[PDB]
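S.K.: Can you keep this structure in mind? I'll have questions shortly.
Derivation of every value follows stated rules applied to the coordinates shown; laboratory data play no part. In this analysis, Cβ positions are derived from the backbone assuming ideal geometry, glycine residues included, and neighbour counts consider all displayed protein chains.
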Amino acid sequence: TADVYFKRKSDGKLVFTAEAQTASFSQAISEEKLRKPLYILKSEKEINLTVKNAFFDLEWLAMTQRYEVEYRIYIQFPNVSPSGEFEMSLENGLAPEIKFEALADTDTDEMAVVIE
Amino acid sequence: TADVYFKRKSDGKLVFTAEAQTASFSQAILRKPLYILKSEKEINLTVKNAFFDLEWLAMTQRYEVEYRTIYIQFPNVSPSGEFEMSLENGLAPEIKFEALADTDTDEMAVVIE
Amino acid sequence: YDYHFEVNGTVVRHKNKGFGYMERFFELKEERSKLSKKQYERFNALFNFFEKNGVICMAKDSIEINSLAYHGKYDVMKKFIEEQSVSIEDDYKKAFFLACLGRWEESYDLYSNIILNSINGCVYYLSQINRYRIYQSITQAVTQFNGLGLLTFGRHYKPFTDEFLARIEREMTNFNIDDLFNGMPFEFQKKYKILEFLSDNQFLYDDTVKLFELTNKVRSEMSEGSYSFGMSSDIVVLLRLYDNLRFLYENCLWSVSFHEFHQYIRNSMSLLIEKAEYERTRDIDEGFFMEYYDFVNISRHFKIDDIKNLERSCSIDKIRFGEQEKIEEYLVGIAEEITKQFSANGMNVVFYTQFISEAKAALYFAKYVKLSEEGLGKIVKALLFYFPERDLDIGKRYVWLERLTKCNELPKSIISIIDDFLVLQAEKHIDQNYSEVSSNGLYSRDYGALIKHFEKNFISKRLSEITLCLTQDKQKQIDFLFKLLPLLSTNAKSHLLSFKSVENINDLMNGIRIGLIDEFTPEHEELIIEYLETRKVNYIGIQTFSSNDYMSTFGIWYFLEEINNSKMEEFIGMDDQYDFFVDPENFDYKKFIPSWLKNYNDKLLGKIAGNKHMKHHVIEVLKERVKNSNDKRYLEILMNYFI
Amino acid sequence: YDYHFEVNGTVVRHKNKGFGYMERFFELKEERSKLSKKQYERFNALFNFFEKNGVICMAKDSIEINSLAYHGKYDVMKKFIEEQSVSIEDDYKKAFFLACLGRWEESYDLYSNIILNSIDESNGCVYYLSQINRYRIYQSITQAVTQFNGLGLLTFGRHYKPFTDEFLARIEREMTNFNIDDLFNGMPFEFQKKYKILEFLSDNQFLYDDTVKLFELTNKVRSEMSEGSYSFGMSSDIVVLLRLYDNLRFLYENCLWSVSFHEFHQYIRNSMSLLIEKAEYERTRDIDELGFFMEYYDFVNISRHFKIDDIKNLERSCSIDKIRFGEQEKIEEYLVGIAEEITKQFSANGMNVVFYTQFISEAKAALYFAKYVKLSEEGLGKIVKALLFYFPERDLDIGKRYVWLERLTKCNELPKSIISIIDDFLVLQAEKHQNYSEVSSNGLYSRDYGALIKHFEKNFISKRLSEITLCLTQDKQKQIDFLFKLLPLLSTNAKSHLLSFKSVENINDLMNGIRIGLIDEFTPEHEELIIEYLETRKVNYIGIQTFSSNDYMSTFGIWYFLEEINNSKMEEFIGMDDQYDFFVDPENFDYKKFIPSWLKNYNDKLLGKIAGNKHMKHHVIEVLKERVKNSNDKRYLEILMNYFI
């Protein structure tokens, strides 16, 4: 049981906090045929994360009317895109689970950082 | 979608007739001399829609089976007596039987074309 | 319960102790003149009903779903909507249709009016169920937009007026869903017994339990290898699936669009493909193909991760893809819908949330169909220009495009769409803040590489014009067009290279990727060695491991003799996949990770095999991975080059 | 629905809008002296209840099942039954135990009597539970009677009639038009408002909620194992196990007969065998750049609610030898108890049929899974003696019982006592042989027991079989050629006496002589016999085609391949079946008829020789790569890394 902290990329404001449930780390090559020359070491790096119980910051909700995530060993994803897929159950609902995918900037070309 | 006839081995009387559902034939391998080709071979058959012969039912109150599609004959079929009850009432009886093999004859099943 | 009615359509005498009415009825169906005239008039209707639904004949002796909602005819449903409803049944059809294209408010109002105007009696029951379901949809949509909507869309939408929400909260309170069948006339309860299961808040549990039992039976047959001769559990699964689809969609129930039904589909489907694929891997001892209805099912009820897992488990590109024309017009409808929506005036957010998952799934899993040039072109135009940025990032939308590229090779028309998409991306690269970020890690340079791979002589006119227009002021456009150098003309190449310098490591990677660098000049050795000096300096009680993946590239370059300067051994010890390639002998392979072997290509893998001083440890790794896992790619590596 | 309760022991806030009661209650549990004396005593009662059922705290911050029926204390329940019940509460568990031991008539009558005496019950919970269990007994009796009129005739040969005709008539009579779906509704409204949570018990399908939840959890676990994702909080597998143990403890502690129905066993076998698969996936999981062990309770669950074919399927799907086995003493005690029951019943006048169907199905799974647990010498002696002599042969024949025995032999090497027991069994089999045939579904006849004995001793000489051989006469053929297959067990004088009448007339005797080791090289007589049988086989072959599993033909082909046959007449017999042309002339086999299943049957020496042919290696390597890429058997792959055939 470990927690994640959501921040806006611009400032230090807390977007929301949650507890990480599952993290899908499945990264491999792309299609070999489609992509003598100097080796580039192509990759299709993907990291997905899911959080079970997330409550958004009250100040964040009040102000709302690029994101960073800090999963506490502590790891940081400088850019995370929340996949806002809303699927609804006929059972009345409740556990708001948020899934987000890490992103890599062209210049930085780094997706996640793991530090003790 | 063929038909299967369960017969008494000695008398030859038809114990019952049913429609085949499932058949498993899985033969696989502590157990310098001459290679004897020892093997552990089994055949299980689950059959559906079995209604027993009325004459055999009246008489009862080794087996051989013939499964005809091309043409299969299993001698020495032992009916497994597993019985499990569903809380939902009961829908047809399903009969499971295993193919037996004699030491002298050393054959398990025959296929006729 | 007098008779057993199953999926295939054969009646089974189950608990009828009296005279057999079904057997005699079927004998009469297969001498009706002796029947009374009024009795025969009823019999013709019974024949029509019993042949429209199934019930072909006795046990001893293809699916069609006709609804504009199932087929996604999002324009025909509108045209039906503005037409005046002749009767209450057509009005309830319009209710379901109105609930389909978003707009839960109008569908809820219409359901309420149908409730007041109903005085058969089953139309009221179905409308009560659908109104409760529509209120549930509006409530969870409100919760999602209030909670997650702000983070996802970046702004608060509030698709529904507060007065509407208050009124629906007041009206649906004290309405027990399970009660609603019990509190209706005894005549209806006696006649419409089969609808009782729809009354409760959970009506797929019986279907889900039967599907669990059937899936477990199918898995037992798969593992054991037994042969099923009669009506198989697999065909039972698919036929019960089709029964549920044709019962829920045709009867105009919104309960189809819920997570439970979606997840029931996702279990019942994708168990047919697993069994079908295993059927091809049947061990010989002493087929199933996908139709337009199947395409709609997977496009509707499968999440992108779900179809990804389906692809991992089974090779789905081998199963025959029939009814291709129907599939193609289906994705043509999807593409025209998304273009019409997002081309002008934003989108319908309630429509957006319901439809974007289906659009994403269909466009992703379209890898396996052959689309004509016009259909492929419009699909690509919808995919690149008009698909929302939030759902498809540059790399992931590129993956969608390159997956569409599998079945159909790139035509000139599609290359033009990629070209002006790249031109638009270059246009957006003006403000210094903007930088295309992708979850996949791949970018517009990959679009350029795709174009060059499929033509090898393409020259992009507009990007070359912008390149001739470039000045030193706009550095973002400069190092964006740097990644698109092969697309540019030779004059554009010179104009871009005038301001382009290899200042940092990433610039050298871009230069290598575009092909500007074919042999390392000593300045590149100096830059790489200086960067490694900096990495060692910042390394020297906590240690960092990032996903930059540059140190591994340097190590592999040293291994493949591309770099011929023996200062690399100083940097040995920081991160792995570097010592493995620089000095494989003293690598202490207890730290070796098998996944690295996925990242290598044919040339690198062949060189690793040919090293012969690190061959044995890696062959052990490949062996224990192929024994442990079912990935089937580690075995491909293990046997293509025996590494 | 005001609060939501997780299986972990934590409570979560959903729906209660007023003042929060359990929020204050848990903090009070963690100055409570300020309450009233009556408040204090009821708070004590609650505290006892909530920590009894596992509700520990809220979300912000193993199991035991105390029941004799779950542990199979099949004599202690008898002792409970004989004892007079002081109260109806003790009478409910006595009726449950009566049900668990067959004896469904007495269970039905006792349940009816509890129903009669439950008029003055304070709450009526025992009345409703007795009604449910009486209906369960009634359908159990109905299905058992249907089986005995059906499967009970094929099996058992005879008609049993465990329940009298008058008893059946009355129970059909009072049970007529009885809707269990109405039973909870046909109760006083005080009972319904108080025992609302027993409503799911009412309907004729009460595990559908649990089965659907298990389906969802299994799908999620499969999604994680396919994606390779890592669960950090409470894993879905842990949730499966927790709901598992909660369900077993609920329907075993409260004495419900519905635990003994096929639906519950299916729920168990699907909820289990998924934790095992998840554990095996966890073990075989590659490290990226960024264990589960079964207990005595799990052993009991697998022993009871798993069929033999289903355990076979799960061991095929995942390896279990790498899963460590704890609580081995309790598992040994349970297995010894099961063996003790089967011995005390079959050894003395047989055992009642109604309890037989319930007991023996789980006895199969217990003895089959006994391979994996480590057992003491006395326990192994008891269980082997139970499986050989006092186990009903109608289910595990000689071949399958031998497989059982070698399975319990895998973990623990054979001690002298077990070999003495097998010697007694072989003596009994020898004296059984009359026009009696040792038929088996497995094909591993009594000679395999002697082979195991010699494998674990290499010097064992069976005295009693030796004396039997000394007293053998030429009139009795079945015993003589039965002991011919048991030749290594006999003494030298017994061997000499048996060889007097033992002749290789047909090639089956040649197989028996080879297996016992009497023949180490082919004399010209043996070669001539083989050629003659091949001549008559082709003569009868030529005329529809017939394929049999006699397999002698493939044995001849393999003998030709291994150069053990050195007569060049075999090529005349080419074409009558496959796997013979495969070995005699591998170059001209036209491998479109090759069957990949053959390589599993061959041993190390045979496939090593096949590897060294090199005029035939490439076709079989193509077959092997196809099978390894397609199938997940992992035996073809093991063959591949072993010698790349």
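S.K.: Could you tell me which residue of region B:58-79 is surrounded by the fewest Cβ atoms within 10 Å (Cβ to Cβ), considering only residues that are within 30 Å of D:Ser140 (Cβ to Cβ) and at the interface with another protein chain (Cβ under 7 Å from one of its Cβ atoms)?
M.R.: Checking each candidate, the answer is B:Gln61.
S.K.: Can you tell me which residue is nearest to C:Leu245 (Cα to Cα) among those in region C:263-293 that are touching a strand residue (DSSP E or B) at 6+ places or on another chain (Cβ under 7 Å) and facing chain D (nearest Cβ under 9 Å)?
M.R.: Keep residues of region C:263-293 that are touching a strand residue (DSSP E or B) at 6+ places or on another chain (Cβ under 7 Å), which gives C:285-286, C:290.
Pick out the ones that are also facing chain D (nearest Cβ under 9 Å) and you get C:285-286.
On the way: C:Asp285: 38, C:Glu286: 40 Å.
Ranking the qualifying residues of region C:263-293, first place goes to C:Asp285.
S.K.: Additional query: Residues that are in a helix (DSSP H, G or I), more than 7 Å from every other protein chain (Cβ to nearest Cβ) and in contact with a strand residue (DSSP E or B) (Cβ under 9 Å, 6 or more places away or on another chain): does region D:632-642 have at least one? Working first, answer last.
M.R.: Quick first cut of region D:632-642, residues in a helix (DSSP H, G or I) only: D:635-642.
With more than 7 Å from every other protein chain (Cβ to nearest Cβ) added as a condition, the list becomes D:635-636, D:638-640, D:642.
If we keep only those that are in contact with a strand residue (DSSP E or B) (Cβ under 9 Å, 6 or more places away or on another chain) as well, we get D:635.
So far as region D:632-642 goes, yes, one or more of its residues are in a helix (DSSP H, G or I), more than 7 Å from every other protein chain (Cβ to nearest Cβ) and in contact with a strand residue (DSSP E or B) (Cβ under 9 Å, 6 or more places away or on another chain).
S.K.: Out of the residues in region B:80-93 that are of a type outside the set (S, T, N, Q) and touching a strand residue (DSSP E or B) at 6+ places or on another chain (Cβ under 6 Å), state the one that is farthest from the other protein chains (Cβ to nearest Cβ). If you could, list the steps in order and put the result at the bottom.
M.R.: Step one: filter region B:80-93 for residues of a type outside the set (S, T, N, Q), giving B:81-85, B:87-88, B:90-93.
With the extra rule that they be touching a strand residue (DSSP E or B) at 6+ places or on another chain (Cβ under 6 Å), the set shrinks to B:92-93.
Numbers: B:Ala92: 8, B:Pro93: 5 Å.
The selected residue is B:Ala92.
S.K.: Could you check region A:65-75 and list, in sequence order, the residues that are of a type outside the set (D, E, K, R) and over 12 Å from A:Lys13 (Cα atoms)?
M.R.: Restricting attention to region A:65-75, the residues satisfying the condition of being of a type outside the set (D, E, K, R) are A:65, A:67, A:69, A:71, A:73-75.
Within region A:65-75, A:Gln65, A:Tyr71, A:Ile73, A:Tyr74, A:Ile75 meet the criteria.
S.K.: I would also like to ask the following. Pick out the one residue from C:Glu221, C:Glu250, C:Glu274 that is within 29 Å of C:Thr10 (Cα to Cα) and not in a helix (DSSP H, G or I).
M.R.: Unique residue meeting the criteria: C:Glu250.
S.K.: Can you name every residue in region C:143-171 that is within 11 Å of chain A (Cβ to nearest Cβ) and not in a loop (DSSP other than H, G, I, E, B)?
M.R.: C:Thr143, C:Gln144, C:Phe145, C:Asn146, C:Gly147, C:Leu148, C:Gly149, C:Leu150, C:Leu151, C:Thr152, C:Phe153
S.K.: Restricting attention to region D:153-167, and to residues there that are in a helix (DSSP H, G or I) and more than 8 Å from chain B (Cβ to nearest Cβ), which single residue is surrounded by the most Cβ atoms within 10 Å (Cβ to Cβ)? Write out each step before concluding.
M.R.: Step one: of region D:153-167, the residues in a helix (DSSP H, G or I) are D:153-154, D:165-167.
Applying the additional criterion that residues be more than 8 Å from chain B (Cβ to nearest Cβ) yields D:165-167.
Working: D:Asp165: 8, D:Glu166: 8, D:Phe167: 15.
Across region D:153-167, the extreme among qualifying residues is D:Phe167.
S.K.: Considering only residues of region D:507-558 that are in contact with an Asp or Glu (Cβ under 9 Å, 6 or more places away or on another chain) and polar (S, T, N, Q), which is farthest from the other protein chains (Cβ to nearest Cβ)?
M.R.: Top of the filtered list is D:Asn512.
S.K.: Six or more apart or on different chains, Cβ atoms under 8 Å: show the pairs whose first residue is in region A:74-92 and within 26 Å of C:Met172 (Cα to Cα) and whose second is crowded, with 16+ Cβ neighbours inside 10 Å and among the hydroxyl-bearing types (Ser, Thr, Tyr).
M.R.: A:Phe86/C:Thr353; A:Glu87/C:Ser357; A:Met88/C:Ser137; A:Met88/C:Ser257; A:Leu90/C:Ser255
S.K.: Restricting attention to region C:197-252, and to residues there that are of a type in the set (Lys, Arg) and within 14 Å of chain B (Cβ to nearest Cβ), which single residue is nearest to C:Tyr124 (Cα to Cα)? Let's see the steps before the verdict.
M.R.: To start, the set of residues in region C:197-252 that are of a type in the set (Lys, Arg) comprises C:210, C:217, C:219, C:240, C:246.
This time we only want the ones that are within 14 Å of chain B (Cβ to nearest Cβ), so: C:210, C:217, C:219.
Values: C:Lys210: 29, C:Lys217: 40, C:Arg219: 42 Å.
Taking the candidates together, the pick is C:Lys210.
S.K.: Return the residues of region B:1-34 that are within 14 Å of chain C (Cβ to nearest Cβ), farther than 30 Å from D:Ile519 by Cβ and hydrophobic (A, V, I, L, M, F, W, C); say none if nothing qualifies. Don't jump to the end; show me each part of the working.
M.R.: Taking region B:1-34 as the starting set, the residues that turn out to be within 14 Å of chain C (Cβ to nearest Cβ) are B:1-4, B:17-28.
Still in the running and farther than 30 Å from D:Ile519 by Cβ: B:1-4, B:17-26.
B:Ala2, B:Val4, B:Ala18, B:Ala20, B:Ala23, B:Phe25, listed by residue number.
S.K.: Still on this structure, please answer the following. For region C:51-63, does any single residue satisfy the condition of being out of contact with any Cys (no Cβ under 9 Å at 6 or more places or on another chain), surrounded by fewer than 16 Cβ atoms within 10 Å (Cβ to Cβ), part of a helix (DSSP H, G or I) and of a type outside the set (D, E, K, R)?
M.R.: Yes, some residue in region C:51-63 is out of contact with any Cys (no Cβ under 9 Å at 6 or more places or on another chain), surrounded by fewer than 16 Cβ atoms within 10 Å (Cβ to Cβ), part of a helix (DSSP H, G or I) and of a type outside the set (D, E, K, R).
S.K.: Among (1) over 20 Å from D:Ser258 (Cα atoms); (2) surrounded by fewer than 20 Cβ atoms within 10 Å (Cβ to Cβ), which single condition is D:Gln205 missing?
M.R.: (1)
S.K.: Being more than 8 Å from chain B (Cβ to nearest Cβ) and buried (at least 20 other Cβ atoms within 10 Å of the Cβ) is the filter; apply it to region D:136-151 and report the residue that is nearest to B:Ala50 (Cα to Cα).
M.R.: Going through the qualifying residues, I end up with D:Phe148.
S.K.: Please work out if D:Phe589 is within 11 Å of another protein chain (Cβ to nearest Cβ) and among the aromatic types (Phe, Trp, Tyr). Outline the logic, then answer.
M.R.: Details: within 11 Å of another protein chain (Cβ to nearest Cβ): no; among the aromatic types (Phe, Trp, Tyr): yes.
So D:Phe589 fails the test.
S.K.: Across region B:35-57, which residue is farthest from the chain's Cα centre (by Cα) among those that are hydrophobic (A, V, I, L, M, F, W, C) and more than 10 Å from chain D (Cβ to nearest Cβ)? Steps first, please.
M.R.: Quick first cut of region B:35-57, residues hydrophobic (A, V, I, L, M, F, W, C) only: B:36-37, B:43, B:45, B:47, B:50-52, B:54, B:56-57.
The next check asks that each one be more than 10 Å from chain D (Cβ to nearest Cβ); those that pass are B:45, B:47, B:54.
Values: B:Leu45: 6, B:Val47: 9, B:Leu54: 20 Å.
Only one residue tops the list, namely B:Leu54.
S.K.: Sticking with this structure for a sec: Looking at this structure, is D:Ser317 surrounded by fewer than 20 Cβ atoms within 10 Å (Cβ to Cβ) and not aromatic (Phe, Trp, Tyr)?
M.R.: Details: surrounded by fewer than 20 Cβ atoms within 10 Å (Cβ to Cβ): yes; not aromatic (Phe, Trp, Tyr): yes.
So D:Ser317 passes the test.
S.K.: Could I ask something else about it? Among (1) within 13 Å of chain A (Cβ to nearest Cβ); (2) surrounded by 22 or more Cβ atoms within 10 Å (Cβ to Cβ); (3) of a type in the set (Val, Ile, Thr), there is one condition C:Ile418 misses while meeting the rest; what is its number?
M.R.: (1)
S.K.: I would also like to ask the following. Could you please give the count of residues in region D:543-587 that are part of a loop (DSSP other than H, G, I, E, B), β-branched (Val, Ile, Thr) and within 26 Å of B:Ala101 (Cα to Cα)?
M.R.: If we filter region D:543-587 for residues that are part of a loop (DSSP other than H, G, I, E, B), which is where we start, we get D:543-545, D:549-551, D:562-569, D:574-580, D:585.
After this cut, where a residue has to be β-branched (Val, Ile, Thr) as well, the list is D:544, D:565, D:574.
Going one step further and asking which of them are within 26 Å of B:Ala101 (Cα to Cα), we end up with D:544.
Residues flagged as part of a loop (DSSP other than H, G, I, E, B), β-branched (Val, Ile, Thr) and within 26 Å of B:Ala101 (Cα to Cα) within region D:543-587 amount to 1.
S.K.: Same structure, new question: Before we move on, is D:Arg134 under 25 Å from D:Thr176 (Cα atoms) and within 28 Å of the chain's Cα centre (by Cα)? Even if it seems obvious, please write down each step before you answer.
M.R.: Numbers: under 25 Å from D:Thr176 (Cα atoms): yes; within 28 Å of the chain's Cα centre (by Cα): no.
No.
S.K.: If you take the residues in region C:82-98 that are under 23 Å from C:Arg246 (Cβ atoms) and among the hydrophobic types (A, V, I, L, M, F, W, C), which one is surrounded by the fewest Cβ atoms within 10 Å (Cβ to Cβ)?
M.R.: Within region C:82-98, the first condition is being under 23 Å from C:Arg246 (Cβ atoms), and the residues that meet it are C:87-98.
With among the hydrophobic types (A, V, I, L, M, F, W, C) added as a condition, the list becomes C:88, C:95-98.
Working: C:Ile88: 17, C:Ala95: 29, C:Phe96: 25, C:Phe97: 24, C:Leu98: 23.
Result: C:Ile88.
S.K.: Please specify each residue of region C:417-441 satisfying the condition of being touching a strand residue (DSSP E or B) at 6+ places or on another chain (Cβ under 9 Å) and part of a loop (DSSP other than H, G, I, E, B).
M.R.: To start, the set of residues in region C:417-441 that are touching a strand residue (DSSP E or B) at 6+ places or on another chain (Cβ under 9 Å) comprises C:437-441.
Result: C:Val437, C:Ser439, C:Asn440, C:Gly441.
S.K.: Could you tell me whether any residue of region C:118-137 is within 14 Å of chain A (Cβ to nearest Cβ), part of a helix (DSSP H, G or I), of a type in the set (A, V, I, L, M) and more than 25 Å from C:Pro185 (Cα to Cα)?
M.R.: No - not one qualifying residue is present in region C:118-137.
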